[PDB]
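In what follows, a single structure is set out as structure tokens and then discussed.
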Amino acid sequence: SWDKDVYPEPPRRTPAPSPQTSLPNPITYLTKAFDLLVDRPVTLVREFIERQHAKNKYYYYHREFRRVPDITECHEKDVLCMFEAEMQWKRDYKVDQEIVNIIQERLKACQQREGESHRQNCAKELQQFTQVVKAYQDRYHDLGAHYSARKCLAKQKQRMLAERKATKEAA
Amino acid sequence: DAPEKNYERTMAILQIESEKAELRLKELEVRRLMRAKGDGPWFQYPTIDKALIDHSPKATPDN
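So the sequence lines, in the order shown, correspond to chains R and W. Residue 1123 is where the first sequence starts when you use our numbering, and the numbers rise one by one after that. Residue 2 is where the second sequence starts when you use our numbering, and the numbers rise one by one after that.
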């Protein structure tokens, strides 16, 4: 299983079955047939497999990366420090890519689970998606396929010069 | 191999190659200054040895 806070799923409200006619639906009989023929032998095989899983217990971990000094506090043309800052920036690049993927999965899951009212009932998901796409486009877009820490730093400096001129001209 | 192994091995390779690149730039600048100024041990094209000179008293004195 996973976390329901990073993967939000609202509480399912299913209605009670209210039969109007006397003709039986085939679906409950097929649900019973699927439960007896299929679901219980699958569950029993999973029980045997998990009892074989439980005899030996060992753990894999998440690789923790302590933060090395980034590219702004590296000297120029010093490959030992800017190599470390480069690996740090590339890992942050992959992690932010997967953050954008998580927010897209949230958006697509919302648009499916809210039915036809998905234009109304996905306001927060679309808002968070627009914010994370705006942040990702400010950060990593237009770097080119030879992307590095210097390219992202120079893009940040060009954007901050544009913001400084925009605040200076509007004051 | 470990990512630790490749990481620290990469840093060793980068140290060795960066030191060689800095010393190649120093090699170029030292060669430029020694051809230009001529006061280094390189490019010492030979002049006349002064151990070849006769310093004995000659026959005519104005020399």
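Don't be surprised by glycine CBs; every beta carbon is placed ideally from N, CA and C.
Through-space distance from residue j to residue i, alpha-carbon basis
i                    : j                 : result
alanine 1284/R       : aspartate 1218/R  : 24 Å
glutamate 9/W        : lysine 1290/R     : 46 Å
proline 58/W         : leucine 29/W      : 50 Å
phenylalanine 1170/R : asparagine 1178/R : 14 Å
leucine 1145/R       : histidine 1184/R  : 56 Å
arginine 1261/R      : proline 1191/R    : 19 Å
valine 1164/R        : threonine 1150/R  : 20 Å
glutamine 1233/R     : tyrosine 1258/R   : 22 Å
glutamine 1249/R     : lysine 1126/R     : 19 Å
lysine 1277/R        : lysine 38/W       : 44 Å
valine 1167/R        : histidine 1175/R  : 12 Å
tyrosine 1215/R      : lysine 1273/R     : 13 Å
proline 1141/R       : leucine 1158/R    : 24 Å
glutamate 1186/R     : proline 1132/R    : 32 Å
Residue i - containing alpha helix (DSSP H), residue span
i                    : result
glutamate 1227/R     : 1201-1235
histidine 1175/R     : 1162-1176
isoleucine 54/W      : Taken as a continuous stretch (DSSP letters only), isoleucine 54/W belongs to no alpha helix (DSSP H), as it is neither H nor E.
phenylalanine 1187/R : Where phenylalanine 1187/R is concerned, there is no enclosing alpha helix (DSSP H), given that its DSSP letter is neither H nor E.
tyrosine 1129/R      : Element bounds for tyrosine 1129/R: n/a, residue is neither H nor E.
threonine 1252/R     : 1245-1261
residue 1/W          : There is simply no residue 1/W to check, as chain W begins at 2 and stops at 64 in what is shown.
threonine 1289/R     : 1271-1291
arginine 32/W        : 4-38
residue 1104/R       : It is not possible to answer for residue 1104/R, since the shown part of chain R is limited to 1123 through 1293.
Same chain only: Cβ atoms within 7 Å of residue i, ignoring 5 sequence neighbours per side
i                  : result
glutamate 1208/R   : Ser1270, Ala1271
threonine 11/W     : none
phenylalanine 44/W : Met35, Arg36
Where residue i falls, given that 16 or more other Cβ within 10 Å makes a residue buried
i                 : result
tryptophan 1211/R : buried
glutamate 18/W    : exposed
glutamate 1238/R  : exposed
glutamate 1247/R  : buried
Neighbourhood of residue i by C-beta distance below 8 Å, restricted to the same chain and skipping five residues each side
i               : result
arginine 1281/R : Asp1260
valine 1128/R   : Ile1224
Whole-number beta carbon distance between residue j and residue i, since they are thought to touch under 8 Å
i                    : j                 : result
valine 1254/R        : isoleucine 1221/R : 7 Å
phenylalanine 1205/R : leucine 1229/R    : With 8 Å as the limit, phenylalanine 1205/R and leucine 1229/R do not qualify as a contact, their Cβ atoms being about 36 Å apart.
Same chain, Cβ closer than 6 Å to residue i, five either side skipped, listed in chain order
i                : result
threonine 1143/R : none
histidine 1240/R : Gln1233
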